[PDB]
């Protein structure tokens, strides 16, 4: 029974702050801005392996891509750097606005779930460390699909697992590519702006059903919609 609806949250960038990796980019590359290059490269190659029928765990593509991007700049990279990337990736802090919005949405009767590209860790997971894991009834990953978002099977198997119908699900992300993936499967999409994350707009591509400049505004819209 979905209640107000099921809200399926993306984790990296959406809940957890990617700029917390900056220091490592500042040091190794002499420019923190390289973060904004390495990340799309990472997403790109995860969707590449997905399209060609290959799978390696996200953190591993992340390390290979960090190496790749390093070579591209002629920047030196030690096995120490790669381990720190793993450390920082799995320890990203939650945006301050997340816990109050999760509280409000729970109280408004929403079911709350996470769906990430990141492979299962041993405990503690990044959200556990961040102190926000317990807001959610389930924490799912692409590892069981052996394919990255936005492949349809990631969303479909998630809806299966939750015994939910697409009309009852809402994918929440700051990445329009993830909302696009979910909407194409019949889910609703909810966009939350994060610094350096604005929506893409393109003909024939459904827009998000809900948009907020931050998680609190998005929760205003999701809650408003229950009675609107």
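Numbering follows the first chain given and starts at 1.
- Across the two stretches, 70-78 and 113-121, the PDB entry reports the greater mean Cα temperature factor for 70-78.
- 1-9 and 218-226 differ in mean CA B-factor, and the higher of the two is recorded for 1-9.
- Remark: of 55, 29, 191, 38, 29 shows the highest value [criterion: C-alpha B-factor in the PDB entry].
- The PDB entry assigns its highest CA temperature factor, among 43, 180, 202, 172, to 202.
- When the modelled residues of the chain are ordered by their C-alpha B factor, residue 149 lands in the lowest third.
- The entry lists a Cα temperature factor for residue 157 that places it in the lowest third of the chain's modelled residues.
- The entry lists a Cα temperature factor for residue 59 that places it in the lowest third of the chain's modelled residues.
- Sort the modelled residues of the chain by CA B factor and residue 14 lands in the lowest third.
- Per the PDB record, residue ranking by Cα B-factor puts residue 137 in the middle third of the chain.
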